[PDB]
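S.K.: First portion of the complex, with coordinates as positioned in the assembly:
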Amino acid sequence: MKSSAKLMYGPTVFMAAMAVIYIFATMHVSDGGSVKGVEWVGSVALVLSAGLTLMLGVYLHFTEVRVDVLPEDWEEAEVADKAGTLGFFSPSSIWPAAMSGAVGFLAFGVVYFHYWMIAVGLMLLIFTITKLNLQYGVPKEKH
Amino acid sequence: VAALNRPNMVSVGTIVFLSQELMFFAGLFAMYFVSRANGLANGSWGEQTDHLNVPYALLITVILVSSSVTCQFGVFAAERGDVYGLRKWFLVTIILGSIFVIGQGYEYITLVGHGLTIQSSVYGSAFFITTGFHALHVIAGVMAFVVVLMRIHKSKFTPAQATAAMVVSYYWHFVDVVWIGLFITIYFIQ
């Protein structure tokens, strides 16, 4: 995490510079072959594009300032240091494919713009999302 | 030492995802600001800003920021291991966000009821696309809180369910922040 957090500051600096340059240039720089005025689409996109990298970079920096010296980021770590439980990872699940099909129903309901299709698509979507999130919580059957 | 503390993966994934909705709303800010530029070049933007109601939007904003601090108290309770506190504060958040969306609905019925529609002008289109995508994200946030509550109904409250709560709270903080940006651009910058 430590190394990877610093990298987001290269793009942030560069895109902030290009945003300010683009803005005051497009409002200031004269030309024969082009009109003068602040070009808002590129402006907003460049500033929020710097904001994305600033967000993720400052978050990962604020995280790594309070993590131990893990064997992953340690140049001479032994394999045996990572022994123990690693984490829970889903062995299988049907609900991703069901969500894809639900989104498909919704999207087709938009292209045809039948409102019942949009309704049913949103219900299929929210139901399958709930079932994905509730996959490992379904209580044991009881009489 | 018991174990080495390390990054919460689910929180990292959630921040990488909330990076996406910033750039989602970037395109809508572009569709707003180019339209505003042209409309002020005509000197006719302000013929529909007068449809707005800045006090109503301000009380709306109060409700949304209040819900945003409510779910933070809920996350405090979650990390303590306290499930009843989490239930309480997430429910109050659900209620305040529901109030937000139904007040936004009232404002929409008001603005449509006295002229401003999507097709009435370029202003109406930009207004409704921006504020409407935001309202859909708010409704998805209320759905997410509901799903968390039934999760801590069905399964036992472990650290896993706590992280599941923390990241829905991340999402609602982000939605609230996007409303701050919308509120200043729509009602004050105009």
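M.R.: Yes, it's here. Residues are numbered from 1 along each chain as shown, chains lettered A, B, ... in the order given.
S.K.: From now on I want contacts and neighbour counts done on CA atoms only, so please keep to that.
M.R.: Noted.
S.K.: Mind checking what secondary structure residue A:37 has?
M.R.: State at residue A:37, reduced to three classes by DSSP: H, G, I helix; E, B strand; the rest coil: coil.
S.K.: Do I have it right that it meets residue A:31?
M.R.: No. When contacts are counted by Cα atoms under 8 Å, residue A:37 is not listed as touching residue A:31 (11.0 Å).
S.K.: between these two, which one's more packed in?
M.R.: The neighbour count for residue A:37 versus residue A:31, taken as other Cα atoms under 10 Å in any protein chain shown, is higher for residue A:37 (14 against 8).
S.K.: Tell me how far the nearest residue to the more buried one once chain neighbours are set aside lies from chain B.
M.R.: Take residue A:37 and drop its neighbours on the chain: the residue closest to it by Cα to Cα, 6 or more residues apart in numbering or on different chains is residue A:27, 4.3 Å away. To chain B, residue A:27 is 13 Å away according to Cα to the nearest Cα, to the nearest Å.
S.K.: number of nearby residues for residue A:32?
M.R.: Residue A:32 is flanked by 6 other residues according to other Cα under 10 Å.
S.K.: Then residue B:119?
M.R.: Neighbours of residue B:119 (other Cα under 10 Å): 9.
S.K.: For the closest residue to it other than its chain neighbours, give me its contacts.
M.R.: Distance criterion Cα to Cα, 6+ apart; nearest residue to residue B:119, sequence neighbours excluded, is residue B:125 at 6.6 Å. Neighbouring residues of residue B:125 by Cα atoms under 8 Å, 6 or more residues apart in numbering or on different chains: B:117, B:118, B:119.
S.K.: Would you mark the buried spots in the helix or strand residue A:23 falls within?
M.R.: Per DSSP states H and E: residue A:23 is located in helix A:9-28. Going by neighbour count (16 or more other Cα atoms under 10 Å in any protein chain shown), the buried part of helix A:9-28 is A:9, A:11, A:12, A:15, A:16, A:19, A:22, A:23, A:26.
S.K.: Can you name every helix or strand that it contacts?
M.R.: Counting contacts by 3 or more Cα pairs under 8 Å, 6 or more residues apart in numbering or on different chains; DSSP states H and E, helix A:9-28 packs against helix A:40-64.
S.K.: Which helix or which strand is home to the residue nearest to residue B:89 when sequence neighbours are not counted?
M.R.: Distance criterion Cα to Cα, 6+ apart; nearest residue to residue B:89, sequence neighbours excluded, is residue B:74 at 4.8 Å. Using DSSP H and E, residue B:74 falls within helix B:54-79.
S.K.: Please name every helix or strand in contact with that helix.
M.R.: Counting contacts by 3+ Cα pairs under 8 Å, 6+ apart, helix B:54-79 packs against helix B:83-113, helix B:159-183.
S.K.: The following sequence is to be added as chain C:
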Amino acid sequence: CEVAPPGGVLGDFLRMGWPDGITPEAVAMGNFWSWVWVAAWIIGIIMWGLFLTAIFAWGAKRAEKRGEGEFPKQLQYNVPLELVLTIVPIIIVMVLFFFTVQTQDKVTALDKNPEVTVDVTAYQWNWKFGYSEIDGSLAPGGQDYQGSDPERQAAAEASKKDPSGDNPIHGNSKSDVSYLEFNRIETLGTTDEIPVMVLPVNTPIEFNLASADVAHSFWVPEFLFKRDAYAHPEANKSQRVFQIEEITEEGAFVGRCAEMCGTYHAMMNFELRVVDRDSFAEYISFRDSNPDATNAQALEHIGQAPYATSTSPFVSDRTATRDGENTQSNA
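M.R.: Let me add chain C to what's already shown:
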């Protein structure tokens, strides 16, 4: 570039099929083109030669035969050479960009003095040309001539707001056509007639582009230049004007559409016909004298071929087109 490219077969190879250019701006662009291709073929030669070296020299068979062993020298860094081959790209790119700025600003200026102005109006799917301004040294009657057609224009201006009260776009009607031009003398191209638009030689020309519906493109290969015709060019922030200092050689040249505009995008063609300066003066005088005279009548009136030579209309039959028959020979 202001330097003439190499001569003979080298120049023909280097410009690689570019038109020669019937205007000074075109000559400049083609010169810059030829020279950057000299540079590009040099760079390609050296890099491809390195790849062919890697094939025919550094193989493993030849190394095993001459007793080189299992592995080669495991050199991972030459930090000075890394810096050198980082900056060499940069300092060749800098000269590329300097000459780019030069040639561009040569082409795209407005520091000229137009003596003819054309209003161009693309639509789905044809052209309408029209003479907007002529200089009194070249116009009928020896006076500066403005070609605006007052009533046909005043209708377009009146369209800005719909009196029925809709008016959604910043106060204007959706169907506002105010931005278009309606000159007096106009050459409306049709499905069966190519618009032959006539200009003088050795004369500054201005083109004033716009479209009635979608985005089109005024491309003339022999100017080595194109620009897009957008609807509401002011609102779209598009520079709608373009200027050439002169057209160097009389003739008849083709021009095409280059932005995909729809179904019949391949059928939008026109003929930029370039004639002697006095022949243009007589042409525009004749059409100023006969508001009901076709373009072909006036072309005949000054000895030109009546109809387009650089292209032709399209057959417009979805069945008969398939055997090769695609012109309709309306000439």
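S.K.: and the neighbour count of residue A:32, now that chain C is in?
M.R.: Using other Cα under 10 Å, residue A:32 has 15 neighbouring residues.
S.K.: ok, now which ones touch residue 49?
M.R.: As the question left the chain open, I've gone with chain A. For residue A:49, the contacting residues are A:15, B:23, by Cα under 8 Å, 6+ apart.
S.K.: was after chain B, sorry
M.R.: Counting by Cα under 8 Å, 6+ apart, residue B:49 touches residue B:190.
S.K.: Quick check on it: phi, psi?
M.R.: Torsion angles at residue B:49 (phi, psi; degrees, to the nearest 10) stand at phi -60, psi -30.
S.K.: Pull up the gap between it and residue B:40, please.
M.R.: Remark: distance between residue B:49 and residue B:40 (Cα to Cα, to the nearest Å) = 12 Å.
S.K.: what sits against residue A:95?
M.R.: Residues counted as contacts of residue A:95 (Cα under 8 Å, 6+ apart) are A:128, A:129, A:131, A:132.
S.K.: correct me, but the first one touches residue A:98?
M.R.: Yes. Taking contacts as Cα under 8 Å, residue A:128 lies within contact range of residue A:98: 6.5 Å.
S.K.: between those two, which one's more packed in?
M.R.: residue A:128 (21 against 18).
S.K.: dump the residue contacts of the more buried one.
M.R.: Each residue near residue A:128 by Cα under 8 Å, 6+ apart is listed here: A:95, A:98, A:99, A:102.
S.K.: one more time with 10 Å, if that's ok
M.R.: Each residue near residue A:128 by Cα atoms under 10 Å, 6 or more residues apart in numbering or on different chains is listed here: A:94, A:95, A:96, A:97, A:98, A:99, A:100, A:101, A:102, A:122, A:134.
S.K.: Are any of those residues buried, and if so which?
M.R.: Among these, those buried by neighbour count (16+ other Cα under 10 Å) are A:95, A:98, A:99, A:101, A:102, A:122, A:134.
S.K.: ok, of the residues you listed, which one's closest to chain B?
M.R.: Set against chain B, the nearest of these by Cα to the nearest Cα is residue A:134 (6.4 Å).
S.K.: Distance check, residue B:10 against chain A.
M.R.: 12 Å.
S.K.: does any part of the host helix or strand of residue C:54 sit near chain A?
M.R.: Assigned by DSSP H and E, residue C:54 falls within helix C:24-56. No. Figure legend: helix C:24-56 not in contact with chain A (Cα under 10 Å from any Cα of the partner chain); closest approach 13.6 Å.
S.K.: In that helix, which residues are buried?
M.R.: Going by neighbour count (16+ other Cα under 10 Å), the buried part of helix C:24-56 is C:24-38.
S.K.: how far out from the middle of the chain is that helix?
M.R.: Centre-to-centre, helix C:24-56 and its host chain are 25 Å apart (Cα atoms, centre = their mean, to the nearest Å).
S.K.: sequence below should go in as chain D:
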Amino acid sequence: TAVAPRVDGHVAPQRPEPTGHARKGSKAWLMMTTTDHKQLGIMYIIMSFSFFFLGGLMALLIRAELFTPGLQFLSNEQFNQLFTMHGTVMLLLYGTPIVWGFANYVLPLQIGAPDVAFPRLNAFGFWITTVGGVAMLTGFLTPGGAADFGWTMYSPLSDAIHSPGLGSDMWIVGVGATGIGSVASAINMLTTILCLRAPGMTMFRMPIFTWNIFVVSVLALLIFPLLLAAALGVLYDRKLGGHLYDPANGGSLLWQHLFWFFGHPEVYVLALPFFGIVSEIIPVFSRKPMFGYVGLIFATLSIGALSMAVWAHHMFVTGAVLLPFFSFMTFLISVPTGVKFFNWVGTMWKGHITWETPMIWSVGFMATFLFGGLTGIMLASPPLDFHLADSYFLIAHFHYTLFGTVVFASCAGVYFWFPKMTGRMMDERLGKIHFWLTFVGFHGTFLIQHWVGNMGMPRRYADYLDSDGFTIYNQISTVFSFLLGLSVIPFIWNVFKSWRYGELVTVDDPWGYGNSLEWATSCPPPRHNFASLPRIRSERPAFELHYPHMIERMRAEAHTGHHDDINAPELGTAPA
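M.R.: This next block brings in chain D, placed alongside the chains you saw above:
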């Protein structure tokens, strides 16, 4: 470094079985429900190549209709739909999903991970990508046909008036769904890099391919939501009668800025992972390291940065953009893309090159992409683009680049990592037949179209008049296009044969000199990738694992300078 005590009765792990032997009904329900990145990788790859053949069909039809002047069998509408959906299928249903498929199969192996961060999210990304493909291609099932506008979907040509048919809306939602898949895969790849690395593998011990997936994952994260927002703006105009994309609003250049801001980073998203694959392949079949590794990282990072500045070079002919800004920054994005060739030549420089099939494919990639990039820099000057924009010169450029990356280098990846996916080798005879058919076909198709465009043939032209003089060149181009289409016959047969009866891979690294960590495990890997991990002390762990005696050389010769690292004293206060 500790020495573990050897123990009694030790036996190596049992190797898993190769493909072809699988018993009936084994894959059917597993495909529906699996969360394994390895199966999802194979599925991504097969799906992308299926769509590749489906888009090349439309391309062959286009090339047929241009063979001779006239409309011999297509109409105007159908030709427009054809080039539209060819371009769309080739970028969003081949390039991006195959990027993510190679990433999914290979990246957890390279970093020494068991699984991806969010497995069900991975599966969701795959299935939503397939749904997007269906959504796009169903426009052909309506009587009006697919979308007519090109894959750029300019405005107002895409609005409610000028394109009424529903095929356009099908295009919109399908492109959006492919964006959804691209972002889910990006979240997965990025978090998996951040969290689940093997002990010892810091960020600067990962392979080049992993670093490239890092930068393109953040690019995709940055750009695909903007595409979805702009496409929904278009759908908002069409279905709800909005006015934001009207030309009177300035809605044409609005769309162009939004689109190309998405769009050029997407072509870099396709380029960089396959630069990565080539950086994986060439060091193996050279018996050398990757030359300039850390500087190569900086090159990739600079491309990731600069990609956001150079977006509007696709708008020079508009008379709307700031020409000097974007021309300059385009010439700048070319430089770190140029450092790649110097690194690769350094890697092959006085190495011991064995010309196996994947190496041949990689060198074909370099030979084509060099010309593609030479063409691009001349598109990057406005005074040249004013003639070359929207000409067939531009078609020749972007095919010389994309066919270099997402086809040549992707086939190199297939031949390279077929053992790790199947435990079987591919047929080298057919591999070289496929290579040469592809080479002859592609060069003979697209090289002459440079001249066809320069002469003044625009792109997207259904028909032309024979007086224009294009006919001879179109004919040469079409014959070699049909040859290129025939190039896939040995490829399909080679994959199908070798998957089911190909030569069994007996060892963990059949090429012998594998660098990255995937070659330090079985062929195919177990369900959780690793039955044991080596020590990691280099960007090539498997090489120092297979050749201990080489480390002396590998470490000593690594730099040119006489730095005298071997002569230093003991640094730790104690070994404890």
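S.K.: now that chain D has been added, could you go back to the buried residues of helix C:24-56?
M.R.: Quick answer for helix C:24-56 (16+ other Cα under 10 Å): C:24-38, C:40, C:47-48, C:51, C:53-55.
S.K.: now do stretch B:48-57
M.R.: B:48, B:49, B:52, B:57.
S.K.: Please identify the helix or strand for the closest residue to residue C:105 other than its chain neighbours.
M.R.: The shortest distance from residue C:105 to any residue other than its chain neighbours is 8.0 Å, reached at residue A:32 (Cα to Cα, 6+ apart). Here residue A:32 sits in a region with no helix or strand, counting by DSSP H and E.
S.K.: on contacts alone, who are the packing partners of the helix or strand harbouring residue D:359?
M.R.: Secondary structure assignment for residue D:359, by DSSP H and E: helix D:357-379. Where contact means 3 or more Cα pairs under 10 Å, 6 or more residues apart in numbering or on different chains; DSSP states H and E, helix D:357-379 is packed against helix C:24-56, helix C:79-108, helix D:251-284, helix D:323-348, helix D:382-388, helix D:392-402, helix D:410-422, helix D:428-446.
S.K.: Work out the gap between that helix and the centre of the chain.
M.R.: For helix D:357-379, the separation from the chain centroid amounts to 14 Å (computed by Cα atoms, centre = their mean).
S.K.: Please save the CA atoms from that helix in CSV.
M.R.: Output of helix D:357-379 as CSV, limited to C-alpha atoms (Å, rounded to 0.1, in the frame of the first residue of the first chain):
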residue,chain,number,x,y,z
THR,D,357,5.5,-18.7,-32.2
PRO,D,358,4.7,-16.1,-29.5
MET,D,359,8.0,-14.3,-30.1
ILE,D,360,7.2,-14.2,-33.9
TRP,D,361,3.8,-12.6,-33.0
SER,D,362,5.4,-10.0,-30.8
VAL,D,363,7.9,-9.0,-33.4
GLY,D,364,5.2,-8.7,-36.0
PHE,D,365,3.4,-6.4,-33.4
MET,D,366,6.5,-4.2,-33.2
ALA,D,367,6.9,-4.0,-37.0
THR,D,368,3.2,-3.0,-37.5
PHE,D,369,2.9,-0.6,-34.5
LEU,D,370,6.0,1.3,-35.5
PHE,D,371,4.4,2.3,-38.8
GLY,D,372,1.1,3.0,-37.0
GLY,D,373,2.8,5.4,-34.6
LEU,D,374,4.7,7.1,-37.4
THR,D,375,1.4,7.7,-39.1
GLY,D,376,-0.1,9.0,-35.9
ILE,D,377,2.4,11.8,-35.2
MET,D,378,1.7,13.1,-38.7
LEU,D,379,-2.0,13.1,-37.8
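S.K.: what angle sits between that helix and helix D:428-446?
M.R.: For helix D:357-379 against helix D:428-446, the angle by axes from the mean of the first three to the mean of the last three Cα atoms, to 10 degrees is 10 degrees.
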